[PDB]
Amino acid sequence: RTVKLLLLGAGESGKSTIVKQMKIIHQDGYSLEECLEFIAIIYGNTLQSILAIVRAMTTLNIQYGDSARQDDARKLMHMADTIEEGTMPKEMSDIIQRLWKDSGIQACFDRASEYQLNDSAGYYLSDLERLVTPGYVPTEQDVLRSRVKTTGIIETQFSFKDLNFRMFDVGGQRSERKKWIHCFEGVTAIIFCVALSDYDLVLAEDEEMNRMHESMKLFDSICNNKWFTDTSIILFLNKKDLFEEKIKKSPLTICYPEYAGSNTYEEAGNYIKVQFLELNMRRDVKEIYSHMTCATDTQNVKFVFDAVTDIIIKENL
C-alpha cells in the first residue's frame, strides 16, 4: 500500500536534511556532478555565516583580539557586495581565515544564540582551507550540512519494506504554514521535527519569540488536531549533537524558567521530551512515539526511519 508521510516542524528544525538522508539511504544517493552543485551553496553559507558574526561584533559590542582585523572586516563587507554570489575568491577566503582565528570573533561566535547564525557556521568556517582547495568536491557530510531555506511543498517518493512512500517536505517559517493545509488529506504518518538546540534561540521571523516555545505551540496544535486521529505521529527531537554541546554552557531555564534538574544531556533532554509529549491531551488513547536524532548522521537516521516504518506497519494492522 501507499504511505503519505508529512515532515512538519518550525523553520530550520531539520526537515530537508531528513529528505537528503532518504535520498542517500533509500534512493540513488549523490553523484559527483550532484555534489559539485552544492559548492555555491556552501560558499554562500560560509560567507553569510562570517558576515553575521562580524555584524554581531558591533551589535554585542565585542572587540576584536587584534585591531588589524577591523580593517579586514571592512574589506570583507565591501567584497561581499562585489563578488559573484556563491564564489569564494582567494582574497576573500584569506580574510575569512584570519577573522576566524581572532579571539574576539571566537567570543562572538560562542554567543551565537544572541543573534541569527547558521547551524553549520562552525562546521564550514573551521575547515575553510579544505573547502577552497583546488579540486574540492563536497563530501556527503558537507552536503547534509548545507543550508537552503525551503519554500512551498515538495514531494519525494521511494519504496521500503514493500511500502510506497510519498514524503512531503514543507517550509517551516510562519508564512509557509499557510500552505500546510494543502497536504493534510489522507495522511498516514507525521514526523514532527523539533530542534533540541532551539531552547535558547529566537525566531528569525520574530526576534522576541523563543524558538522552542514556537515549536511547542505547533506540536500542541498538530498532535491534538481532529484531522490526525488515525495518523501515526512521531516526534523527532533533532540536533542532539548540537544540544549535547550547548547544554554544557547554556541553562535550559532560558526556555523553561521552572526547570530544576541538572543541565545535562540526559536530564535536560528528557525534560524537553516530556514537555512536548504532555501536550497530547489524548495520551491515554493514542501514544506519540519519540526519538532523539541527529539528521546529519546517516546511520542514526537510517535506524530511526526503520523504527518509524515499523510503527506505520504495526499501526496498519
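The numbering used is simple: start at 1 and walk along the sequence shown.
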*State which stretch shows the higher mean Cα B factor in the entry: 292 to 300 or 20 to 28.*
20 to 28
*Do the C-alpha atoms of 137 to 145 or of 78 to 86 have the higher average B factor in the entry?*
78 to 86
*asked:* For the CA B factor values reported in this entry, which option in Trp180, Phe243, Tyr123, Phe158 has the top one?
replied: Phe158
*asked:* By the recorded C-alpha temperature factor, relative to the other modelled residues in its chain, which third is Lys226 in?
replied: highest
*asked:* Please say which third, lowest, middle or highest, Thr151 falls into when its CA temperature factor is compared across its chain.
replied: middle
*Select lowest, middle or highest to describe the third in which the CA B-factor of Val274 falls within its chain in this entry.*
middle
*Divide the modelled residues of the chain into thirds by Cα B-factor and specify which third, lowest, middle or highest, holds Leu5.*
lowest
*Once the chain's modelled residues are ordered by C-alpha B factor and cut into thirds, is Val285 in the lowest, middle or highest one?*
highest
